[PDB]
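A single chain comes next, written as structure tokens; it is the form deposited in one PDB entry.
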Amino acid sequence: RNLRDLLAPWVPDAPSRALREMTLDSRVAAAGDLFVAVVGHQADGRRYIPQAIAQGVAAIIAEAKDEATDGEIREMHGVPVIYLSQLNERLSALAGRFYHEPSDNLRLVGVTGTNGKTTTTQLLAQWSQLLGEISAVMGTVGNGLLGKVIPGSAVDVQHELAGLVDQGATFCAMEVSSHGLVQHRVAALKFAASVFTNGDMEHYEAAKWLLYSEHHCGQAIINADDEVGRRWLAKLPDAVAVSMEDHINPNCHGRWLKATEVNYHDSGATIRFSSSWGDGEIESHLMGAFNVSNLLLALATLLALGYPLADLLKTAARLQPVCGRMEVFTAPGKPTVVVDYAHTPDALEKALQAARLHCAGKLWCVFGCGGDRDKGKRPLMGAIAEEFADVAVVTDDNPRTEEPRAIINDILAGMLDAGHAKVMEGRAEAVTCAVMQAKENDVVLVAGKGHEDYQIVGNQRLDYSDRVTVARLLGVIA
């Protein structure tokens, strides 16, 4: 790593200097480092140039605005200070070059949208790995090779991607936030593919189209069941349209993939689909319509990238849910049980609507609300459980120091017929109540904890898992 080589595309004059690491933070800037002084969120990094110099950085790249011309080379205390205009916009490119262009050295798929980002990225990583890639994720649960996810400027993104390259990753699925995009945090990444899940409108779209036009998006895979998705597809004839609700318009002669029939059953969904790559049937072990959509998006993406349909089909049954996200537990001749982390009215409603599709009998909802937290959601979650489940079982969920029954009372207050709800304190006992009472064709949703393996009672983290409790009741292994 040399300053001269680093800057060669933009500043031919730049002096030769060996460089250690690249950092935006003068505090951690050590001997031999490249310190990058940027102007942004209520801070001017150029203020910290003396400090960085005192810590013995090898070189400095600084925002030129109001201080210098683009590519102007200065020297302070024998340390080169090189100025660049629009440094925030170019930081991704600068870091990309510094870290030897990690997105040019693995297959990077970006997923954007409100919902389904985590699941879609996870599916892309899992499926590609089943097909022989060494896959990784970068997203909300964290970063890492599949099974080793560790819980962010344009520099950090490039650095992390390089770390994954260094660990042998050949494929990375990355959740990309709207905020991330606008702040140029992925500006120089070479995306192999870009997936979209789901007056003023004109400016918003204009800003988004503009930003899109400046990125290397690769193959575009778009959910045509989303209204915004359809508008983007109208202007992108090379994009792949994905639908489970009749929104493929085949007059395009473009590329598409559509679920033709879905059977939502007690252990997943049987998805029949047609596509421009051919037709098939997938046995998904994921629950709900949204997860059909997410799965279809991942399938379309991998098809577009040239993974063979037959091999994708052969591996689809091995795709697993994100731990504690509509995670199904079944045992021969027992109720279906779904563990989901839903802990807000909106998420509970969604989880119940999803569960309902797979439920031939009665839908049970076992849930509670956290103590010593905002109380407002309690009656709303009560109303949702009452409306969208057949049996509401109200129990505890991290009561902390608050009187557990008081929390349950706030929940019941939100119901039209609180008397119809089953109340059982002791979360484990409430789960058991539902699981043991529910019939064979019933579905029990256990909401609020998902993957979490503790119950906070007082100030103690007691070892408790919904997943373990449910598994043991069904005679299976979590």
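Note that the rigid core is defined as the largest set of C-alphas that superpose within 1.5 Å between two forms. Residue positions are given as counts along the sequence shown, with the first one as 1.
Note that the form deposited in another entry isn't included here; everything after this is about it.
The comparison between the shown form and the other one, aligned on the rigid core, picks out a single residue among 393, 295, 186, 193 whose CA moves by 2 Å or more, and that residue is 393.
In this overlay on the rigid core, residue 310 has a C-alpha that sits less than 2 Å away from its partner position between the shown form and the other one. For residue 136, a C-alpha deviation below 2 angstroms is recorded between the shown form and the other one after rigid-core alignment. Relative to the superposed core, residue 349 undergoes a C-alpha shift of no less than 2 Å between the shown form and the other one. Contraction of the residue 467-residue 143 CA spacing by 3 Å or more is recorded in the other entry, set against this form. One change in the other entry concerns residue 113 and residue 384, whose Cα atoms lie at least 3 Å closer than in this form.
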